[PDB]
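Only one chain comes next, encoded as structure tokens, the form deposited in one PDB entry.
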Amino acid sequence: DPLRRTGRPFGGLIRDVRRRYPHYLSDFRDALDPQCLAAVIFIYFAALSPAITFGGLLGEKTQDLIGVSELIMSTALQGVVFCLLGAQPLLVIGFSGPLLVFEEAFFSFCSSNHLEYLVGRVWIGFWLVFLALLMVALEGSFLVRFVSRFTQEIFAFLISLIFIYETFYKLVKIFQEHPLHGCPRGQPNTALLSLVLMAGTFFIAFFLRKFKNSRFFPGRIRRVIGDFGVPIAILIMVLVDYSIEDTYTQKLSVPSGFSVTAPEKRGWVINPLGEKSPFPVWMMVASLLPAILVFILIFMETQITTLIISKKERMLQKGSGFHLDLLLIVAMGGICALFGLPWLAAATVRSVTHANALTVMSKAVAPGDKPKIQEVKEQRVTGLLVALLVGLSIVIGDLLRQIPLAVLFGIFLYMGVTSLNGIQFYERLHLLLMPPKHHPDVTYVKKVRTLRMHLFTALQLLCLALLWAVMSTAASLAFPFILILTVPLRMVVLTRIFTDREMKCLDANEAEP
């Protein structure tokens, strides 16, 4: 029982270290496998592109104080450190939306009150470090036991439906800028060529995915070719685009040189005191509240991601760490805030994709259903390699300018669609449309009436819709608290409506029950 309160200071941290660190050389020996190369290549782009996008957005929102280079250099240096000293090396940490919202809100607050922004974030980082140390000392990561499977599949369907809505609203906007008229802002043949490239990439990678499980060719060649599906699709579509000469397509652009984005109003080291004018003393002690808010955000997303990754269905044997994963992340964020780099948190879709890009499926028997997961092939090399490649991507800035963005949209759609399977809420959504005589032989259909599982699904959908509506309004910083409020809902309100057997069968801690 990893989530147990020992009753001694730093007990959980010591237990996690003793559990994980003995299996150290195994991680480096396990990496010798040609599936690791495919995983590295696939995850490199999925980690690089959000860095550029969110760096551009954050540079636009602020006065060009934090840009793209700083985000890349924070991502690389936190990823390397975490993969070297982390308990769970299958997690990919990076910038996300809620952090951007908090950053813009804090910038607005600082600008309104005539305060320093970069100097202001240093005290927030210090308070973050203090809170992390206090929580690890008096161990409180045992509260993750109360997060069930009702509050962790209302949050992984919303973080996968908010990433397929905006991977195709970044196409409905290359077709409003370059519109289809006749006789850059007005180029022809661009909006349709982008559609062609995106469709080609996502239909190729999902047929190589189907071909991986087919009966054609020898097994070893078939599996090797199926592993390299995304790289093959990317290379094919890049060559196809390169063949065309006159048509203009937007291409991936990275900054040049290792330097700050505002070399005339900023430096690499931020003074804790006033950089130009003295910092008010009252703000030093009043900076505790934003520290609490950002701590709550980071804690919820990292812990829920770790819970989703470490399910018993996915055959993970070495173990996960709920104590040596939050201290590291929060301490790194607090330290990076001193140099002006942004804070980082584990990414859910990227971590899930990285985890399920290394799974090995059982060699079946004609009867067998969806093959079962045999192993996961976990190691400390893929994440470290991805983080350094992202770090050194500035030096190779000429090879990356030959890759259009429209090709990567198909890969992003592939990621979003693939990450959906494996959660029971999607399956219960599927069961709504099928007639009651075609339902499968799972444990929550046989022991539960048909009209009382649809009610559970309807309530879960109502909660998800409320979460989305709250996120889309002018007060979106209360989203973590609304998500937290689902736990008392399950523990109080849903207990009265449903009987003990129905609740036990519907959301069980494990498979079968």
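Throughout, we count residues from 1 along the sequence that is shown.
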| note | Per the record, the count of deposited residues between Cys183 and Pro184 that have no coordinates is 10 or more
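The same protein has a further form, the form deposited in another entry, not shown here; the description that follows concerns it.
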| field | Selected hinge residue, from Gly274, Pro22, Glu139, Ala76, for two rigid parts turning between this form and the one not shown | value | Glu139
| query | Knowing the Cα distance between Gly226 and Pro50 changes 3 Å or more in the other entry, does it shrink or grow relative to here? | reply | closer
| task | Can you tell whether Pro50 sits closer to or farther from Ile234 in the other entry than it does here, judged by CA atoms, where the change is 3 Å or more? | result | closer
